[PDB]
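Two forms, one chain: they're shown below as structure tokens, one block per form, named structure 1 and structure 2.
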Structure 1
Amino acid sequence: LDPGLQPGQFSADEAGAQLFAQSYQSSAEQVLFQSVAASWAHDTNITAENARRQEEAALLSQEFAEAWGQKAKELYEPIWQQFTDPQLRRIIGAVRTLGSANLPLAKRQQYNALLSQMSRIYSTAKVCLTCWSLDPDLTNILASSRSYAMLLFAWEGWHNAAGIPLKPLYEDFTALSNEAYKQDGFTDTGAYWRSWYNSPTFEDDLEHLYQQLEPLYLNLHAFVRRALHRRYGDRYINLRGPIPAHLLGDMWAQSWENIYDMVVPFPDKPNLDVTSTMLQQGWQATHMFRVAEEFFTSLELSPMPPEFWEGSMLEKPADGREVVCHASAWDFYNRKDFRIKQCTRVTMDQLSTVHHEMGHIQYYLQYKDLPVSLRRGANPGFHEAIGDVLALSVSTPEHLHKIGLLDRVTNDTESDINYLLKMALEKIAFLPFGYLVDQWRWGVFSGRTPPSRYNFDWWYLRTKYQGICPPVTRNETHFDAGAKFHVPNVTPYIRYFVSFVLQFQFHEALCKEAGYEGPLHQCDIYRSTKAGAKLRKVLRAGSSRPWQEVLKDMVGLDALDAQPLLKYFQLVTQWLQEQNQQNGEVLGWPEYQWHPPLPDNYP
């Protein structure tokens, strides 16, 4: 570590701590930036050499965090919690946590290399028949193929190709991650992740939330299973059993909007899937981003800077380069460079993703002048909710009409049901999955789930919550959790469950602030500068203040609350409930053991 990056001398009182924090900040931007840059160079161009460079950058980051971490502990570890500047408390709090910097040198290297190798495995995995990539090839098949056998080949091929080789590395990563964070005072890595929400009752609170949301999920599930039964027959669909995991339009069955055309209750109404219109109008990735950008500026939030357009990767490279296609938003910590890396496809659901990612960027733009340690969301769920809130307005038939993607719908009860169903397939279907992923990972981190039970416990949770079953037999050679991006890429997941609840709280508060007075689900906050000012306040706060306070200022409540979500969906909730009772549906999957047979002569 260069002497210019070393911590100097500071007094052991609150005054000296302010100077310490300032000095940290003065050096941290350079170190964080070199690391984000190397990560970028790798993720947009996966090679052995770029991985080597990224790891080298990661090592320097760890060295810097060690030097300043230890100095913070030495000087302030007792007294810092009693400092009366809450922002300073948060900075010191952040700096004293070394994470992987706690590992001895050889283990830091092992850890850094594991991250590289798991990332490589997931993002370069292919299914050969030459060979299909996840994005766009297998994504497209799962989205639009209605051949049972073809869907199965894609689902099984993907889970096999991505999951199996990840398992040994993931075991090694879990052990090292735990060793690292134990030194920071946490029982395991999961405990560290959960600490970001600063709630002694976090897990209970999520459980209570889910209890309220579950009946909506059960009704949607029963309704969709009925349609699937009509399409695929009694051989492949059990009306009292879990749904085969490959039939819901999505590799992870995490969102079901791609099977909308199968379940659209009133087809004679205008087609709410505007994809073919985007295609006919010649929309490209770049136009999707401009359209998203303009919504932000309509709220008097920030446009994307030139560095964003010049630096971002908005399409899958045509040069055959290997990239991490999974959409992400990047803060380079230099207050100038902000980027999105997305293998953008021209679809309606991709348009929503563009908004999601740009929500992240907008947060970055708004809090770029805070000290580095405070450049985070009020909690990670806040960061995930921003773009989704705007996307709720964009999805409304009225907004789609405003932007030339839809002919004015008859504002009647049946148009409402269509729309709320399409939204339910996207938002309600996700809830059990958003909830279960970190439950699996928390179990792994605590040792409750050893490698010998990785798949057993994954499918337990997948069945328990989503009511799905694998369409082919799985065993512990398979590592099906590994075939979902966030696991090998070590990105926490509970943020999304939190987000999916919170975004409806945001939507309600912003719509009220916008002076809108109709039904919640028909709200469009486009061009509300009052709604923009309210959202801006949240964004500029970063992690400077307790999330409960920031939420109170915004929404009038200091807690996550399912009621705004329920109010938004109430009409389709009622309707689905009636369709299910009239069809004599069983709510749930009491034949919990059931799996479908193989298609004739597979493969």
Structure 2
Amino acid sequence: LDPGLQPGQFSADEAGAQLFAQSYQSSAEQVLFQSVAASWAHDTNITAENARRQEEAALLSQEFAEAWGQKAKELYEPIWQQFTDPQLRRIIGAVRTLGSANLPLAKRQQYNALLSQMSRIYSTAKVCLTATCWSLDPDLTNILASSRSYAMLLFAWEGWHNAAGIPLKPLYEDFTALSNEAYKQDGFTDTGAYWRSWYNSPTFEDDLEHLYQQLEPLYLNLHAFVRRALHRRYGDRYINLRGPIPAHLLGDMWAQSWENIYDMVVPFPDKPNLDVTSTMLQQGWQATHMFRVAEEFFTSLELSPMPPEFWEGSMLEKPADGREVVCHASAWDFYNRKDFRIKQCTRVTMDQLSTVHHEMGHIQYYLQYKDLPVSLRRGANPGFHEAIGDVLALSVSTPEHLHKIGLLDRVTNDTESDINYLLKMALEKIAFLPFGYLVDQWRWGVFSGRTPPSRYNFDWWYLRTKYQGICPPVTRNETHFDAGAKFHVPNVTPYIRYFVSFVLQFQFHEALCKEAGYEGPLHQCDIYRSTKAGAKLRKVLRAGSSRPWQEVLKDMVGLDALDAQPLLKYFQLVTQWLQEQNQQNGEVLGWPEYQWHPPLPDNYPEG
């Protein structure tokens, strides 16, 4: 590690602790910058040489983390817990936390290579027919979204899970052992405990569970209604009205979002067609337009536009030249207060439009807190970061806002239209809740040793059935590693943030709508052009992680805790409607025939 990047001396009291933190953050900017740059170079251009460079960049970060970490522990370890300044307690608490830098050299390199190999496998995995091969993004995504052929959907589902999952398992086991080894030397019982500590709530898991209890009836009812619709199209052989839904029929590879089957479930088809995708295509929208339209919403709020460095540096389309990339969307902070980028293999679609806003939400956060000390450049909690863009997308997707941007010709205000809109939103937002909740439950069990390699898939599918009410359409066994077929698992990034942001985003929406002086039903609010809503959001963004999230929430929303009530109020009309539909249809809520799996199609597997 470069002499300039190494730590000096500071006194072993609270006041020396203050000066230590000041120089730490000064050197960290350059280390973070070269780390992110090396990751950028790789994720936008997956080569062995670029993986190597990224790995050597991670080693440097680990040396850095070691030097300042050992120093922070040398001076402050026994005393920093009783320190009077709680913000200093945070930063020093984070510097005494070495992570992977706790590993000896050989194991650091082992760790770094594993992250690189898992990433490459997920992002370059393909499903071959017999010479031509389909990628996840766009090919398999498109199939799952628009094919209504059972065997074609199954081919894509099975192919993807087999191709991504199977080779990942050995590497995932080794990663887990080394991640746990690293973080246990930091005093955590396992890596899952570390991840959970970011929410600093001794009661985190109980709070989440109480939240899910309130939300579960909404899911059960959406599930039953949707399953009925699928039965009408796939028949009695492939759909069990008292069983779980096959996992490949819900419009999405992970059955995590159901918006793509909206056309099958829409209650009042005579009302404006709220799936704007075809209108976008008919009008000739491109990635560029999508990002510009999203930017303009942000500026209508008197938030920052994207800087020139964003437009010149970002990757907004999947490259056409022989180049493999990580296609999964991400927002990037280079930690030089100048470069900020999005990397997204953008598709011309309504859900991709929401994704664009979601990604730009991350960037906007980066722009607003760029002048904070480096350690305070995070969300109030990770869920805050995830909720920013979705909140704007809640406004954008209202029929009225879509009309304003030329994506919907007619404007209607009636109970039929509302039911249509709220159902579409439920398929996006309510359908996700079980999945957003279950992913880290699985992964927390893995980290704790409750779920050993011998039960990876067994436990995955237990949770998938328990929460989502779905079943794999083909038989799985422990050779399969179906969790590794989801991006966030091999890319070693946490998931509970998304369950938190799905609750949080309706809390934010309510507050910004009230702040904008909007008096109507919550699901018809559009905060577009509300500078008052903008100023209120800006305060949250400019705060970064400088204050406990409970206080930031309180200032914004009026409550210091997560709360499902604004989500419930938002969906009240369709919740009551779906209940009534199901009772009139004499549906069974849930999947009592838990053991049920669909048969194979007659000509499986040949297409």
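Counting starts at 1 and follows the sequence of structure 1. Each form is matched to the other, and the largest set of C-alpha atoms that superpose within 1.5 Å is called the rigid core. Shifts are known only where both forms have a C-alpha.
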* Any idea which of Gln82, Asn475, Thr201, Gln211 has its C-alpha shifted 2 Å or more between structures 1 and 2 with the rigid core fixed? -> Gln82
* Report, to one decimal in Å, how far the Cα of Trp440 moves between structures 1 and 2 once the rigid core is superposed. => 0.1
* Structure fact -> Once the two forms are overlaid on the core, the CA atom of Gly320 shifts between structures 1 and 2, in angstrom, by 2.4
* Structure fact -> In Å, the rigid core superposition gives a C-alpha shift for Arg96 between structures 1 and 2 of 1.4
* Taking the rigid core as reference, consecutive runs of 3 or more residues that move 2 angstroms or more in Cα between structures 1 and 2 -> 13-15, 78-90
